[PDB]
Amino acid sequence: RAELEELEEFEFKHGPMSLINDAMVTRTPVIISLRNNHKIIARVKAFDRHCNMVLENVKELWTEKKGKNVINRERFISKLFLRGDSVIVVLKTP
Amino acid sequence: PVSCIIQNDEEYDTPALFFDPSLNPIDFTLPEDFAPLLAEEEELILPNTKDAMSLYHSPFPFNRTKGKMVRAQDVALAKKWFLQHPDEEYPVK
Amino acid sequence: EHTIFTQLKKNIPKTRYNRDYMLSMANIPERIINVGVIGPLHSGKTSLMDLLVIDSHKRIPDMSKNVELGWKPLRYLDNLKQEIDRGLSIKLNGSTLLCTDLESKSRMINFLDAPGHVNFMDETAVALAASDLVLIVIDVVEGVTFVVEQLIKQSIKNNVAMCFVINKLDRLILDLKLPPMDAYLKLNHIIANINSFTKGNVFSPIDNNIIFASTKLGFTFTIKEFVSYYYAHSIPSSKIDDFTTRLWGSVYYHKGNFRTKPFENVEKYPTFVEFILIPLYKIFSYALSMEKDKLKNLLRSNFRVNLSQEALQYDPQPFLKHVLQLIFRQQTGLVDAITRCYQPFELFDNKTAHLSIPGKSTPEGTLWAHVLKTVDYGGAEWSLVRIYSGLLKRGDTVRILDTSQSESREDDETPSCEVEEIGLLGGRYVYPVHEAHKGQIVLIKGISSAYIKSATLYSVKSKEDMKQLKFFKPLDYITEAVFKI
Amino acid sequence: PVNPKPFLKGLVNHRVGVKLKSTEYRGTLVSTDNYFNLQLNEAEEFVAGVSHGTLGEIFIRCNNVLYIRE
Amino acid sequence: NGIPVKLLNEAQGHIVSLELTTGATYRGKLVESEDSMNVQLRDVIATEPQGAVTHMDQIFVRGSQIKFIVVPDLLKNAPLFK
Amino acid sequence: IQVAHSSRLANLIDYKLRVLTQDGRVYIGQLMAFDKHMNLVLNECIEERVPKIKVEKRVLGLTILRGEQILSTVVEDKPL
Amino acid sequence: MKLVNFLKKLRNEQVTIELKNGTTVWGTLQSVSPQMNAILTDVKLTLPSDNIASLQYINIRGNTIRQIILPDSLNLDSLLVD
Amino acid sequence: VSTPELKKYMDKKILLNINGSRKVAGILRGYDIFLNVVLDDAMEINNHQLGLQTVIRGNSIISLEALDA
Amino acid sequence: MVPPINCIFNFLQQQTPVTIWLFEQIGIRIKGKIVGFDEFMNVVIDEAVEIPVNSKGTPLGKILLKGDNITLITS
RNA sequence: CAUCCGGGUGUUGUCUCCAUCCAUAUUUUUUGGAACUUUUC
Ligand SMILES: Nc1nc2c(ncn2[C@@H]2O[C@H](COP(=O)(O)OP(=O)(O)OP(=O)(O)O)[C@@H](O)[C@H]2O)c(=O)[nH]1
């Protein structure tokens, strides 16, 4: 099990799960696109195989809107767990 | 059924399981540490098991390790002799 | 005087499995299978049945403390007083009880015990006109004998699925004292012998056409059903299909790795000898010789089995029987190997072709049942029937025809009788039932006066069907009389 | 002869575009894995063939992917 | 192993009802079931989500797309549970 | 409505259960048996649906319910 | 490595939970499964512009739970230790 | 783990009810443990055939209702 | 029986006109030639062509279409 | 048909001695194909 874990870690370091890891290490502000139209601008704390995330300094962005209407809303949250199926594309703004 | 039962009475030091002179002559792997269920106990023959296997075939009194008590005259010692045949050599007497 | 029978309903042994749930299974034709058990003398057939019943029923009034404990075999099927005294089976007697396979599906099964003595081959054939599949019970010691050869030939011949039981395995360890190696050689020499007679087919422990049992000590294990308890609690779910087939037959094992290699490395025992027999002997040898301290823990640490303080004190045999049954649970190994070996689309259509006109005409369209024998259950004469179509009921008037008549095949063809009662055959007792369905064998009171020996039973509202319904043949009996008094 | 995984491997440090379960993408591929999750640089968001925004350094989750293209 | 799976297996023979993700109820004799609820059924009616009904012979359904299965109430009695 | 303070689902076997599914239907009935994948056997199951107004009601009976479609379960009442 | 472990460690926390269908769920996490199946107590279901519905006990499934909104005070580094 | 018992439906024409309220027809030629279907080709339900033989993915199948008995 | 994997292999060997349908997407189809094979349904398909379905033709290059969103094959 | 030498189990009393269940994400379940907009009622 331990060996497997190690292998996984190595893979992450090497492949497409490296960037996220790096970000986590640095703890920079990052944005995430999500299935339900939620732009999650937040500070990453945890990371795993599934791309679930523990989040601090959380700032989501969406639009409560029953047509025709145009409103842009966003809320601050202190600490927030996140599920991975939601995640479409994570990004890092320098 | 025509009992085939076999035991050799001479050497107690012959094992319990033996092939008697009388008998006709007749891609992938599992994890290590996986073994038979009783593989941990090494020997399947024990010092008593010879005798125990013998007792397992006996007339009434001996095959049981538990029982009640009888009067001394309710034990029939000579009853077993005349139920079985006399053999031959004996005189008519 | 004639028989030892239970004539009061309050005294019928209560059944744990809830009879009325069994009556539900009677409708679905694919759910039930009728299986008769055949074999040579004293192979354990009747004492095999005696396992299924005691496991099925919660309390039985005919159990003495002596037959419960071990010493004397209970024989439920040998109801007749002659059979008790004669020490033998004369007339065939079955039971109808439901039992679950290993998958936990619950099927209703009708057993028929055939008498094994050569002279009673009348009722082995009466068991091959009912049994869908048969169990053939073989002694390991006596080997496969000539009268065994003729049974498998009659079964191959009569379109009946075969499954073998090699019984009386204590008589190998306890009587002969064969070492674990010498035992497996003889399990081959039999199983290797069995295949030769069976033309164009092979049996094997792995395919679950062969069952290993000893009925005196009361255990039956199928190498599939043995693994699912213990060795399947160890290694991952995906390897079991792979493991089991790697168990029997010449493959060896070193550490974690099956290698068909000659016997190389150091130790040599085949995979069967090491993973089955040797842990079987160690069960024996320890349940006799070892202390009740050492043994009590080894059952907990390995088999996940616990002996009560009562169990700790019995006697050598009654204790050994208690250890084996507590290791090998209520018997799903037999019920499984029976279930998967019966394919009705290879058979049920061919069998009826052998019992009557091949056809097929008058599809459905009639209540059509086959009357086998007139069987004496206590104080009355019943007819043992099998239903190939339609639904019998109490009070119906049905046409009945002898098989002396069907050699021939509008008014004048008609004897008629009511079907007055229909029971389920229970051994000691008979359980009342209002109706019957396709596939299940029952007992009718009131048909008996209309025939002798075999008969055909039909009820029809259509003249077209009346023309097209096929009548059964005179039943075959494997022997001819030849002995005159 | 050409399987998908090797093609993917080959296409590292090269331009790629991805459609989703929908919006097109366009960026240079950084690296890939067995699960087909992606990491890209110079990401441009083609909203039905309209580059809405240039995000830059991004990581695409595998299950939302539709196809890869040059 | 799953007890619902076992129940389903037991229900073999019986007339089960069966709705999918689509919302298209069926009712028929359960021919065969597997660990994955890959049901086959005989003599089966088929209701559309809107309303209309259609008779059909031997439907197969893949458990993935199955929503819920109704089994007859006789199976409640015995002897799978204990 | 009142109910005990359980740890798991398994420990609260045979309790009358409200059940929500992804489609929006509400199955109510006693949990006879659970699963590794949260499939539920329900003893006396009633599907209750709401068309786009007021509760439409259907009595089903003994129901095997697939966990994929299950959203969440709530306790409707005590045993018996 | 595992967030599952972290989740498990979070016990007896009065938390909001957010689903794939957007339902806001205020309750005390009594337990969570290895597969994120949340078991709440003292539960309060509200939608994202309509009235509230309260419940004593709710077992929500792991696939549904989008985002568990954590408590106010929490030492995360400590939690993250094996 | 277990094989989908579709040996009854082998070499018979089947209505493969498929994802997104669509349909397919055709005679059954093969399948696997994931319930992918290999079938000799037929139309998409007025009507128009595409292909000589066709392979349908496992996930996509709602139903495979038998046209022939 | 002809397994799906075998069929795929055959198709690959051939290099024939393959027309793929998309899972949960009626309006679009793909048309090309199979180049790759995977343990899952995923493949690489060079010279592909996106098609709007009849309720014309559109430009498209070489593509691997992911196994999860496949529906139909023909070759 | 009996007598006689003996026997099991249970209840109560009394007497003696002592003593207060897998570990992990790529088609059948839990890494979702979800959401947005509109009509009728
Ligand atoms: N040593 C040994 N003896 C057994 C075993 N099983 C049965 N027997 C004995 O062998 C005889 C066979 O028992 P039955 O069941 O009455 O034989 P059967 O199969 O009914 O024989 P039929 O008269 O043909 O019905 C009995 O006297 C049992 O005591 C066994 O496993 N080991």
# chains A, B, ... in the order shown; residues from 1 in each chain; ligands from 1

call {"tool": "residues_near_ligand", "arguments": {"ligand": "ligand 1", "cutoff": "6 Å", "atoms": "only C-alpha atoms (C1' of nucleotides) and all ligand atoms", "output": "VMD selection string"}}
result
chain C and resid 40 to 47 88 to 89 115 to 117 168 to 171 214 to 216

call {"tool": "residues_around", "arguments": {"residues": "range 40-42 of chain D", "least_positions_apart": "6", "cutoff": "8 Å", "atoms": "only C-alpha atoms (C1' of nucleotides)", "output": "PDB file with N, CA and C atoms, in the first residue's frame"}}
result
ATOM      1  N   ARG D  26      -7.365  26.010 -26.121  1.00  0.00           N
ATOM      2  CA  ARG D  26      -6.152  26.027 -26.956  1.00  0.00           C
ATOM      3  C   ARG D  26      -4.886  26.357 -26.146  1.00  0.00           C
ATOM      4  N   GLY D  27      -3.979  25.392 -26.002  1.00  0.00           N
ATOM      5  CA  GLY D  27      -2.726  25.631 -25.280  1.00  0.00           C
ATOM      6  C   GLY D  27      -1.648  24.575 -25.471  1.00  0.00           C
ATOM      7  N   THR D  28      -0.423  24.922 -25.078  1.00  0.00           N
ATOM      8  CA  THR D  28       0.720  24.008 -25.141  1.00  0.00           C
ATOM      9  C   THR D  28       0.661  22.991 -23.998  1.00  0.00           C
ATOM     10  N   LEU D  29       0.777  21.711 -24.350  1.00  0.00           N
ATOM     11  CA  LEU D  29       0.664  20.604 -23.398  1.00  0.00           C
ATOM     12  C   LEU D  29       1.929  20.465 -22.555  1.00  0.00           C
ATOM     13  N   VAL D  30       1.762  20.412 -21.233  1.00  0.00           N
ATOM     14  CA  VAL D  30       2.890  20.273 -20.301  1.00  0.00           C
ATOM     15  C   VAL D  30       3.197  18.797 -20.014  1.00  0.00           C
ATOM     16  N   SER D  31       2.162  18.035 -19.656  1.00  0.00           N
ATOM     17  CA  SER D  31       2.306  16.613 -19.321  1.00  0.00           C
ATOM     18  C   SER D  31       0.944  15.909 -19.216  1.00  0.00           C
ATOM     19  N   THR D  54      -7.510  34.484 -22.257  1.00  0.00           N
ATOM     20  CA  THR D  54      -6.236  33.773 -22.207  1.00  0.00           C
ATOM     21  C   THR D  54      -5.818  33.599 -20.737  1.00  0.00           C
ATOM     22  N   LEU D  55      -6.014  32.391 -20.210  1.00  0.00           N
ATOM     23  CA  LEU D  55      -5.780  32.100 -18.793  1.00  0.00           C
ATOM     24  C   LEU D  55      -4.297  31.873 -18.501  1.00  0.00           C
ATOM     25  N   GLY D  56      -3.636  31.092 -19.354  1.00  0.00           N
ATOM     26  CA  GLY D  56      -2.207  30.827 -19.229  1.00  0.00           C
ATOM     27  C   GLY D  56      -1.934  29.417 -18.744  1.00  0.00           C
ATOM     28  N   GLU D  57      -1.610  29.295 -17.458  1.00  0.00           N
ATOM     29  CA  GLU D  57      -1.228  28.020 -16.840  1.00  0.00           C
ATOM     30  C   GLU D  57      -2.449  27.347 -16.200  1.00  0.00           C
ATOM     31  N   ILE D  58      -2.876  26.213 -16.768  1.00  0.00           N
ATOM     32  CA  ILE D  58      -4.112  25.532 -16.340  1.00  0.00           C
ATOM     33  C   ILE D  58      -3.960  24.012 -16.212  1.00  0.00           C
ATOM     34  N   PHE D  59      -4.927  23.412 -15.512  1.00  0.00           N
ATOM     35  CA  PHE D  59      -5.024  21.963 -15.297  1.00  0.00           C
ATOM     36  C   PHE D  59      -6.464  21.490 -15.569  1.00  0.00           C
ATOM     37  N   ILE D  60      -6.652  20.722 -16.647  1.00  0.00           N
ATOM     38  CA  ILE D  60      -7.967  20.189 -17.019  1.00  0.00           C
ATOM     39  C   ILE D  60      -8.183  18.812 -16.405  1.00  0.00           C
TER      40      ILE D  60
END

call {"tool": "residues_around", "arguments": {"residues": "range 73-80 of chain F", "least_positions_apart": "2", "cutoff": "6 Å", "atoms": "only C-alpha atoms (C1' of nucleotides)", "output": "ChimeraX atom specification"}}
result
/F:15-19 /G:58-59

call {"tool": "write_last_selection", "arguments": {"atoms": "N, CA, C and O atoms", "output": "short mmCIF file (atom, residue, chain, number, x, y, z; two decimals), in the first residue's frame"}}
result
data_model
loop_
_atom_site.label_atom_id
_atom_site.label_comp_id
_atom_site.auth_asym_id
_atom_site.auth_seq_id
_atom_site.Cartn_x
_atom_site.Cartn_y
_atom_site.Cartn_z
N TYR F 15 -36.26 0.64 10.46
CA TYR F 15 -36.95 1.91 10.76
C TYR F 15 -37.64 2.42 9.50
O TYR F 15 -37.11 2.25 8.40
N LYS F 16 -38.81 3.02 9.67
CA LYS F 16 -39.55 3.63 8.57
C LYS F 16 -38.74 4.81 8.01
O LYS F 16 -38.37 5.72 8.77
N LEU F 17 -38.48 4.78 6.70
CA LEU F 17 -37.56 5.73 6.07
C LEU F 17 -38.18 6.53 4.91
O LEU F 17 -38.75 5.96 3.97
N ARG F 18 -38.10 7.85 5.04
CA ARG F 18 -38.13 8.79 3.91
C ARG F 18 -36.83 8.61 3.11
O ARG F 18 -35.76 8.41 3.69
N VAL F 19 -36.94 8.69 1.78
CA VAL F 19 -35.81 8.53 0.86
C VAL F 19 -35.98 9.44 -0.35
O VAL F 19 -37.03 9.40 -1.01
N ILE G 58 -30.15 12.97 9.07
CA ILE G 58 -30.02 12.79 7.62
C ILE G 58 -28.71 12.09 7.26
O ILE G 58 -27.62 12.55 7.64
N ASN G 59 -28.84 10.98 6.54
CA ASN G 59 -27.71 10.32 5.90
C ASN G 59 -27.69 10.70 4.42
O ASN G 59 -28.47 10.18 3.62
#

call {"tool": "atom_distance", "arguments": {"atom1": "CA of residue 368 in chain C", "atom2": "CA of residue 466 in chain C"}}
result
11.2 Å

call {"tool": "atom_distance", "arguments": {"atom1": "CA of residue 281 in chain C", "atom2": "CA of residue 311 in chain C"}}
result
19.9 Å

call {"tool": "residues_around", "arguments": {"residues": "residue 34 in chain A", "least_positions_apart": "2", "cutoff": "6 Å", "atoms": "only C-alpha atoms (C1' of nucleotides)", "output": "PyMOL selection string"}}
result
chain A and resi 36-38+86-88

call {"tool": "write_last_selection", "arguments": {"atoms": "C-alpha atoms", "output": "PDB file, in the first residue's frame"}}
result
ATOM      1  CA  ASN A  36     -22.261  24.179 -11.947  1.00  0.00           C
ATOM      2  CA  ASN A  37     -20.849  27.553 -13.189  1.00  0.00           C
ATOM      3  CA  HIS A  38     -18.906  28.450 -10.027  1.00  0.00           C
ATOM      4  CA  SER A  86     -17.215  19.339  -9.761  1.00  0.00           C
ATOM      5  CA  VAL A  87     -13.731  20.478 -10.917  1.00  0.00           C
ATOM      6  CA  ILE A  88     -13.399  21.119 -14.668  1.00  0.00           C
TER       7      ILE A  88
END

call {"tool": "interface_residues", "arguments": {"of": "chain H", "to": "chain E", "cutoff": "12 Å", "atoms": "only C-alpha atoms", "output": "PyMOL selection string"}}
result
chain H and resi 1-6+8-9+14-22+33-36+58-69

call {"tool": "residues_around", "arguments": {"residues": "residue 15 in chain E", "least_positions_apart": "4", "cutoff": "7 Å", "atoms": "only C-alpha atoms (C1' of nucleotides)", "output": "NGL selection string"}}
result
:E and (27-30 or 72)

call {"tool": "select_by_dssp", "arguments": {"residues": "chain H", "states": "strand (DSSP E)", "output": "ChimeraX atom specification"}}
result
/H:14-18,22-24,27-31,37-40,43-44,48-49,53-56,61-66

call {"tool": "write_last_selection", "arguments": {"atoms": "C-alpha atoms", "output": "PDB file, in the first residue's frame"}}
result
ATOM      1  CA  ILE H  14     -32.537  -6.689 -31.430  1.00  0.00           C
ATOM      2  CA  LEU H  15     -33.831  -3.178 -30.703  1.00  0.00           C
ATOM      3  CA  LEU H  16     -30.891  -1.610 -28.867  1.00  0.00           C
ATOM      4  CA  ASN H  17     -32.528   1.269 -27.053  1.00  0.00           C
ATOM      5  CA  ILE H  18     -29.569   3.635 -26.606  1.00  0.00           C
ATOM      6  CA  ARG H  22     -32.383   7.091 -29.602  1.00  0.00           C
ATOM      7  CA  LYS H  23     -32.585   3.540 -31.032  1.00  0.00           C
ATOM      8  CA  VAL H  24     -30.616   0.975 -33.063  1.00  0.00           C
ATOM      9  CA  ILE H  27     -28.657  -9.010 -35.552  1.00  0.00           C
ATOM     10  CA  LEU H  28     -26.520  -9.842 -32.499  1.00  0.00           C
ATOM     11  CA  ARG H  29     -22.971 -11.064 -33.288  1.00  0.00           C
ATOM     12  CA  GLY H  30     -21.135 -10.634 -29.936  1.00  0.00           C
ATOM     13  CA  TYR H  31     -20.618  -9.012 -26.514  1.00  0.00           C
ATOM     14  CA  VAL H  37     -22.523  -5.157 -28.268  1.00  0.00           C
ATOM     15  CA  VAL H  38     -21.206  -6.246 -31.675  1.00  0.00           C
ATOM     16  CA  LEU H  39     -24.041  -6.533 -34.216  1.00  0.00           C
ATOM     17  CA  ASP H  40     -24.506  -6.906 -38.021  1.00  0.00           C
ATOM     18  CA  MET H  43     -31.094   1.357 -39.138  1.00  0.00           C
ATOM     19  CA  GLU H  44     -31.398   4.218 -36.664  1.00  0.00           C
ATOM     20  CA  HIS H  48     -31.826   4.942 -42.709  1.00  0.00           C
ATOM     21  CA  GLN H  49     -29.089   2.262 -42.365  1.00  0.00           C
ATOM     22  CA  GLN H  53     -21.555  -4.070 -39.026  1.00  0.00           C
ATOM     23  CA  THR H  54     -21.769  -1.955 -35.865  1.00  0.00           C
ATOM     24  CA  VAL H  55     -20.346  -1.911 -32.318  1.00  0.00           C
ATOM     25  CA  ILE H  56     -22.295  -0.252 -29.473  1.00  0.00           C
ATOM     26  CA  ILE H  61     -27.281   0.862 -23.803  1.00  0.00           C
ATOM     27  CA  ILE H  62     -30.557   1.604 -22.036  1.00  0.00           C
ATOM     28  CA  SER H  63     -32.114  -1.634 -23.198  1.00  0.00           C
ATOM     29  CA  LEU H  64     -31.725  -4.370 -25.795  1.00  0.00           C
ATOM     30  CA  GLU H  65     -35.310  -5.485 -26.440  1.00  0.00           C
ATOM     31  CA  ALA H  66     -35.589  -8.555 -28.698  1.00  0.00           C
TER      32      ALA H  66
END
